[PDB]
$ cat my_file-v2.pdb   # PDB, C-alpha atoms
ATOM      1  CA  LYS A   1      48.742   8.792  78.552
ATOM      2  CA  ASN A   2      47.211   5.731  80.255
ATOM      3  CA  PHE A   3      45.563   7.282  83.332
ATOM      4  CA  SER A   4      42.333   8.355  81.612
ATOM      5  CA  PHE A   5      41.387   4.698  81.143
ATOM      6  CA  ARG A   6      41.863   4.175  84.888
ATOM      7  CA  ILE A   7      39.561   7.123  85.607
ATOM      8  CA  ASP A   8      37.072   5.635  83.139
ATOM      9  CA  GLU A   9      37.156   2.287  84.958
ATOM     10  CA  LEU A  10      36.583   4.089  88.262
ATOM     11  CA  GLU A  11      33.560   5.841  86.749
ATOM     12  CA  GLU A  12      32.276   2.532  85.342
ATOM     13  CA  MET A  13      32.386   1.256  88.912
ATOM     14  CA  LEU A  14      30.865   4.330  90.552
ATOM     15  CA  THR A  15      29.223   7.098  88.530
ATOM     16  CA  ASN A  16      26.116   5.267  87.268
ATOM     17  CA  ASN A  17      25.729   2.692  90.055
ATOM     18  CA  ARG A  18      22.336   3.050  91.722
ATOM     19  CA  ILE A  19      23.705   2.063  95.143
ATOM     20  CA  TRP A  20      26.461   4.690  94.942
ATOM     21  CA  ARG A  21      23.985   7.329  93.746
ATOM     22  CA  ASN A  22      21.555   6.474  96.548
ATOM     23  CA  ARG A  23      24.432   6.710  99.031
ATOM     24  CA  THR A  24      25.737  10.075  97.802
ATOM     25  CA  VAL A  25      22.891  12.038  96.152
ATOM     26  CA  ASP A  26      21.075  14.524  98.420
ATOM     27  CA  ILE A  27      23.517  13.893 101.281
ATOM     28  CA  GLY A  28      25.254  16.761 103.049
ATOM     29  CA  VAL A  29      23.625  19.528 101.025
ATOM     30  CA  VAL A  30      25.163  22.922 101.807
ATOM     31  CA  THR A  31      23.996  26.245 100.408
ATOM     32  CA  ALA A  32      26.386  28.676  98.747
ATOM     33  CA  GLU A  33      25.924  31.357 101.411
ATOM     34  CA  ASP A  34      26.391  28.829 104.224
ATOM     35  CA  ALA A  35      29.501  27.409 102.545
ATOM     36  CA  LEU A  36      30.974  30.894 102.115
ATOM     37  CA  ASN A  37      30.212  31.886 105.711
ATOM     38  CA  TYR A  38      31.449  28.677 107.359
ATOM     39  CA  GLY A  39      34.854  29.065 105.700
ATOM     40  CA  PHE A  40      34.686  26.255 103.154
ATOM     41  CA  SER A  41      37.029  26.185 100.173
ATOM     42  CA  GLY A  42      37.819  24.130  97.107
ATOM     43  CA  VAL A  43      35.304  21.489  96.064
ATOM     44  CA  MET A  44      33.131  22.231  99.105
ATOM     45  CA  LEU A  45      32.548  25.624  97.493
ATOM     46  CA  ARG A  46      32.439  24.485  93.863
ATOM     47  CA  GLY A  47      29.933  21.750  94.675
ATOM     48  CA  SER A  48      27.443  24.471  95.619
ATOM     49  CA  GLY A  49      27.847  26.342  92.319
ATOM     50  CA  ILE A  50      30.403  28.911  93.490
ATOM     51  CA  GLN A  51      32.818  29.724  90.657
ATOM     52  CA  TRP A  52      36.072  30.107  92.579
ATOM     53  CA  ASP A  53      39.490  28.553  91.964
ATOM     54  CA  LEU A  54      42.722  30.065  93.271
TER      55      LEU A  54
ATOM     56  CA  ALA B   1      83.177  22.183  74.570
ATOM     57  CA  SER B   2      80.215  19.989  75.480
ATOM     58  CA  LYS B   3      76.832  21.697  75.329
ATOM     59  CA  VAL B   4      74.239  21.591  78.099
ATOM     60  CA  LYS B   5      72.371  18.290  78.461
ATOM     61  CA  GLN B   6      69.366  18.138  80.784
ATOM     62  CA  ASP B   7      65.959  16.469  80.863
ATOM     63  CA  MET B   8      63.922  18.158  78.122
ATOM     64  CA  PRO B   9      60.959  17.107  75.983
ATOM     65  CA  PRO B  10      61.797  15.705  72.544
ATOM     66  CA  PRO B  11      61.577  18.049  69.544
ATOM     67  CA  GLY B  12      58.019  18.561  68.363
ATOM     68  CA  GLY B  13      56.636  17.651  71.770
ATOM     69  CA  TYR B  14      54.996  14.581  73.230
ATOM     70  CA  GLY B  15      52.054  12.726  71.715
ATOM     71  CA  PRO B  16      48.570  13.974  72.626
ATOM     72  CA  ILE B  17      47.153  12.696  75.908
ATOM     73  CA  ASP B  18      43.533  11.620  76.332
ATOM     74  CA  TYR B  19      41.646  13.146  79.252
ATOM     75  CA  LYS B  20      37.967  13.224  78.209
ATOM     76  CA  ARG B  21      35.599  10.818  79.928
ATOM     77  CA  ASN B  22      35.050   7.682  77.825
ATOM     78  CA  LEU B  23      31.878   5.803  78.836
ATOM     79  CA  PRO B  24      30.673   4.039  75.671
ATOM     80  CA  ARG B  25      27.073   2.900  75.334
ATOM     81  CA  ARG B  26      26.975  -0.858  74.746
ATOM     82  CA  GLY B  27      23.643  -0.645  72.941
ATOM     83  CA  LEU B  28      20.350  -2.447  73.504
ATOM     84  CA  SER B  29      16.927  -0.817  73.735
ATOM     85  CA  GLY B  30      14.601  -1.261  76.689
ATOM     86  CA  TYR B  31      11.918  -2.443  74.279
ATOM     87  CA  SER B  32      14.316  -5.116  73.015
ATOM     88  CA  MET B  33      15.214  -6.251  76.543
ATOM     89  CA  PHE B  34      11.560  -6.500  77.562
ATOM     90  CA  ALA B  35      10.802  -8.381  74.336
ATOM     91  CA  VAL B  36      13.589 -10.884  75.042
ATOM     92  CA  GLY B  37      12.284 -11.416  78.571
ATOM     93  CA  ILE B  38       8.712 -11.945  77.390
ATOM     94  CA  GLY B  39       9.850 -14.299  74.632
ATOM     95  CA  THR B  40      11.876 -16.507  76.950
ATOM     96  CA  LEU B  41       8.974 -16.537  79.426
ATOM     97  CA  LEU B  42       6.588 -17.657  76.672
ATOM     98  CA  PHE B  43       8.961 -20.380  75.467
ATOM     99  CA  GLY B  44       9.342 -21.703  79.008
ATOM    100  CA  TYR B  45       5.575 -21.584  79.508
ATOM    101  CA  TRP B  46       4.941 -23.633  76.363
ATOM    102  CA  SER B  47       7.620 -26.224  77.147
ATOM    103  CA  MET B  48       6.341 -26.660  80.699
ATOM    104  CA  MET B  49       2.772 -26.876  79.365
ATOM    105  CA  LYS B  50       3.747 -29.867  77.247
ATOM    106  CA  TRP B  51       5.820 -31.520  79.971
ATOM    107  CA  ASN B  52       3.142 -31.105  82.652
ATOM    108  CA  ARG B  53       0.452 -32.584  80.405
ATOM    109  CA  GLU B  54       2.723 -35.569  79.751
ATOM    110  CA  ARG B  55       3.278 -35.892  83.509
ATOM    111  CA  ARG B  56      -0.490 -35.886  84.061
ATOM    112  CA  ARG B  57      -0.836 -38.743  81.577
ATOM    113  CA  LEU B  58       1.961 -40.691  83.292
ATOM    114  CA  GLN B  59       0.361 -40.221  86.717
ATOM    115  CA  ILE B  60      -2.980 -41.401  85.333
ATOM    116  CA  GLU B  61      -1.267 -44.522  83.967
ATOM    117  CA  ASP B  62       0.297 -45.258  87.363
ATOM    118  CA  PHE B  63      -3.114 -44.813  88.992
ATOM    119  CA  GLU B  64      -4.612 -47.220  86.447
ATOM    120  CA  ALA B  65      -2.013 -49.844  87.367
ATOM    121  CA  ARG B  66      -2.701 -49.379  91.081
ATOM    122  CA  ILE B  67      -6.449 -49.727  90.475
ATOM    123  CA  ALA B  68      -5.833 -52.951  88.552
ATOM    124  CA  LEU B  69      -3.704 -54.356  91.384
ATOM    125  CA  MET B  70      -6.010 -53.253  94.227
ATOM    126  CA  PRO B  71      -8.523 -56.169  94.539
TER     127      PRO B  71
END
$ encode --input "my_file-v2.pdb" --output "structure tokens"
Amino acid sequence: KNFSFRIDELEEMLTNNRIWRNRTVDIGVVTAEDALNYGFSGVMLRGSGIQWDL
Amino acid sequence: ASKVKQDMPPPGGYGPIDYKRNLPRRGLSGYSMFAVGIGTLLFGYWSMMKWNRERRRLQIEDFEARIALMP
């Protein structure tokens, strides 16, 4: 019942920071077909829009 | 005799747990921030206007004294 505040602090540090966004946005873009073919799973699939969760 | 006793939740369950993202907006408009910046710039400009004019007068006075002492 106290962990959500920790996640919120992490987001305060990261989610809206311009340096973090410039470091992560548009980096390592993979298409859904390429992700499916290369054998990716989990977030690496769901980051490309694939709706799949075991 | 004794009934079973193992780790179980209390009757009625546990209290609700927060999981939604909580990123409150502190609150100040961009217009307001720009207005504050411009206002403090203008106040500094006026104060330094006055001080620099006074400094010009002081320098002129020092030059007057030097001119008087020169011969």
$ atom_distance --input "my_file-v2.pdb" --atom1 "atom CA of residue A:12" --atom2 "atom CA of residue B:36"
25.2 Å
$ resolve_selection --input "my_file-v2.pdb" --expression "the ChimeraX specification (/A :<7) & /B" --output "number ranges by chain"
B: 17-19, 21-23
$ axis_aligned_box --input "my_file-v2.pdb" --around "stretch 6-16 of chain A" --padding-each-side "5 Å" --output "lines of an AutoDock Vina configuration file"
center_x = 34.0
center_y = 4.2
center_z = 86.8
size_x = 25.7
size_y = 15.9
size_z = 17.4
$ residues_near_point --input "my_file-v2.pdb" --point "(27.4, 14.2, 96.2)" --cutoff "12 Å" --atoms "all atoms listed in the file" --output "list in words"
residues 14, 15, 20, 21, 22, 23, 24, 25, 26, 27, 28, 29, 30, 43, 44, 46, 47 and 48 of chain A
$ resolve_selection --input "my_file-v2.pdb" --expression "the PyMOL selection byres ((chain A and resi 50) around 10)" --output "list in words"
residues 31, 32, 33, 35, 36, 41, 42, 43, 44, 45, 46, 47, 48, 49, 51, 52 and 53 of chain A
$ atom_distance --input "my_file-v2.pdb" --atom1 "atom CA of residue A:17" --atom2 "atom CA of residue A:40"
28.4 Å
$ atom_distance --input "my_file-v2.pdb" --atom1 "atom CA of residue B:59" --atom2 "atom CA of residue B:46"
20.1 Å
$ decode --input "my_file-v2.pdb" --residues "stretch 43-66 of chain B" --atoms "N, CA, C and O atoms" --output "mmCIF file, in the first residue's frame"
data_model
loop_
_atom_site.group_PDB
_atom_site.id
_atom_site.type_symbol
_atom_site.label_atom_id
_atom_site.label_comp_id
_atom_site.auth_asym_id
_atom_site.auth_seq_id
_atom_site.Cartn_x
_atom_site.Cartn_y
_atom_site.Cartn_z
ATOM 1 N N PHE B 43 12.139 45.614 -13.634
ATOM 2 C CA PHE B 43 12.531 46.190 -12.352
ATOM 3 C C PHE B 43 14.047 46.324 -12.253
ATOM 4 O O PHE B 43 14.564 47.369 -11.825
ATOM 5 N N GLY B 44 14.777 45.279 -12.656
ATOM 6 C CA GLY B 44 16.228 45.372 -12.673
ATOM 7 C C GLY B 44 16.728 46.460 -13.601
ATOM 8 O O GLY B 44 17.663 47.194 -13.267
ATOM 9 N N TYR B 45 16.107 46.586 -14.777
ATOM 10 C CA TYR B 45 16.506 47.615 -15.730
ATOM 11 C C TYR B 45 16.344 49.005 -15.133
ATOM 12 O O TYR B 45 17.229 49.854 -15.264
ATOM 13 N N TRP B 46 15.214 49.253 -14.467
ATOM 14 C CA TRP B 46 14.976 50.573 -13.887
ATOM 15 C C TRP B 46 15.960 50.872 -12.758
ATOM 16 O O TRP B 46 16.533 51.973 -12.685
ATOM 17 N N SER B 47 16.171 49.898 -11.865
ATOM 18 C CA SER B 47 17.101 50.110 -10.760
ATOM 19 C C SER B 47 18.509 50.387 -11.272
ATOM 20 O O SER B 47 19.196 51.294 -10.777
ATOM 21 N N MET B 48 18.947 49.634 -12.283
ATOM 22 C CA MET B 48 20.289 49.837 -12.810
ATOM 23 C C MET B 48 20.381 51.129 -13.611
ATOM 24 O O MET B 48 21.443 51.755 -13.643
ATOM 25 N N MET B 49 19.281 51.555 -14.238
ATOM 26 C CA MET B 49 19.217 52.883 -14.844
ATOM 27 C C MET B 49 19.581 53.952 -13.827
ATOM 28 O O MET B 49 20.487 54.773 -14.047
ATOM 29 N N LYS B 50 18.875 53.941 -12.696
ATOM 30 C CA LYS B 50 19.094 54.956 -11.670
ATOM 31 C C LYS B 50 20.520 54.890 -11.134
ATOM 32 O O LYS B 50 21.207 55.917 -11.013
ATOM 33 N N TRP B 51 20.992 53.676 -10.832
ATOM 34 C CA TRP B 51 22.319 53.539 -10.243
ATOM 35 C C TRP B 51 23.412 53.970 -11.216
ATOM 36 O O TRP B 51 24.390 54.607 -10.813
ATOM 37 N N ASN B 52 23.262 53.644 -12.503
ATOM 38 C CA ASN B 52 24.286 54.006 -13.475
ATOM 39 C C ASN B 52 24.309 55.509 -13.723
ATOM 40 O O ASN B 52 25.383 56.088 -13.925
ATOM 41 N N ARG B 53 23.145 56.165 -13.711
ATOM 42 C CA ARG B 53 23.156 57.624 -13.814
ATOM 43 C C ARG B 53 23.852 58.257 -12.612
ATOM 44 O O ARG B 53 24.641 59.205 -12.761
ATOM 45 N N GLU B 54 23.584 57.739 -11.410
ATOM 46 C CA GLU B 54 24.282 58.249 -10.231
ATOM 47 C C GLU B 54 25.788 58.026 -10.343
ATOM 48 O O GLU B 54 26.585 58.891 -9.952
ATOM 49 N N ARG B 55 26.196 56.872 -10.875
ATOM 50 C CA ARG B 55 27.618 56.598 -11.056
ATOM 51 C C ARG B 55 28.244 57.553 -12.064
ATOM 52 O O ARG B 55 29.395 57.972 -11.899
ATOM 53 N N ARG B 56 27.506 57.898 -13.124
ATOM 54 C CA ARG B 56 28.001 58.892 -14.072
ATOM 55 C C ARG B 56 28.236 60.228 -13.384
ATOM 56 O O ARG B 56 29.265 60.883 -13.607
ATOM 57 N N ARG B 57 27.293 60.648 -12.539
ATOM 58 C CA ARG B 57 27.472 61.906 -11.817
ATOM 59 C C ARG B 57 28.689 61.852 -10.897
ATOM 60 O O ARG B 57 29.464 62.816 -10.816
ATOM 61 N N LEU B 58 28.875 60.729 -10.200
ATOM 62 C CA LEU B 58 30.027 60.591 -9.309
ATOM 63 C C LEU B 58 31.343 60.646 -10.080
ATOM 64 O O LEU B 58 32.310 61.286 -9.639
ATOM 65 N N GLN B 59 31.402 59.970 -11.230
ATOM 66 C CA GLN B 59 32.608 60.010 -12.049
ATOM 67 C C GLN B 59 32.889 61.422 -12.541
ATOM 68 O O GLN B 59 34.047 61.857 -12.580
ATOM 69 N N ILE B 60 31.840 62.150 -12.930
ATOM 70 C CA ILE B 60 32.026 63.532 -13.363
ATOM 71 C C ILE B 60 32.578 64.379 -12.222
ATOM 72 O O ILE B 60 33.445 65.234 -12.432
ATOM 73 N N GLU B 61 32.099 64.148 -10.997
ATOM 74 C CA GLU B 61 32.619 64.898 -9.852
ATOM 75 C C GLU B 61 34.100 64.604 -9.619
ATOM 76 O O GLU B 61 34.899 65.516 -9.356
ATOM 77 N N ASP B 62 34.485 63.328 -9.710
ATOM 78 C CA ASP B 62 35.896 62.977 -9.562
ATOM 79 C C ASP B 62 36.743 63.642 -10.641
ATOM 80 O O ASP B 62 37.853 64.127 -10.372
ATOM 81 N N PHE B 63 36.231 63.675 -11.874
ATOM 82 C CA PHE B 63 36.951 64.330 -12.960
ATOM 83 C C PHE B 63 37.081 65.826 -12.704
ATOM 84 O O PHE B 63 38.112 66.431 -13.022
ATOM 85 N N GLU B 64 36.040 66.438 -12.133
ATOM 86 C CA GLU B 64 36.101 67.855 -11.787
ATOM 87 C C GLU B 64 37.213 68.111 -10.779
ATOM 88 O O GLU B 64 37.982 69.073 -10.913
ATOM 89 N N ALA B 65 37.307 67.255 -9.760
ATOM 90 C CA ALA B 65 38.355 67.411 -8.753
ATOM 91 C C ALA B 65 39.742 67.267 -9.374
ATOM 92 O O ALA B 65 40.664 68.033 -9.059
ATOM 93 N N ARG B 66 39.908 66.282 -10.261
ATOM 94 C CA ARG B 66 41.200 66.111 -10.921
ATOM 95 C C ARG B 66 41.555 67.330 -11.764
ATOM 96 O O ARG B 66 42.709 67.778 -11.772
#
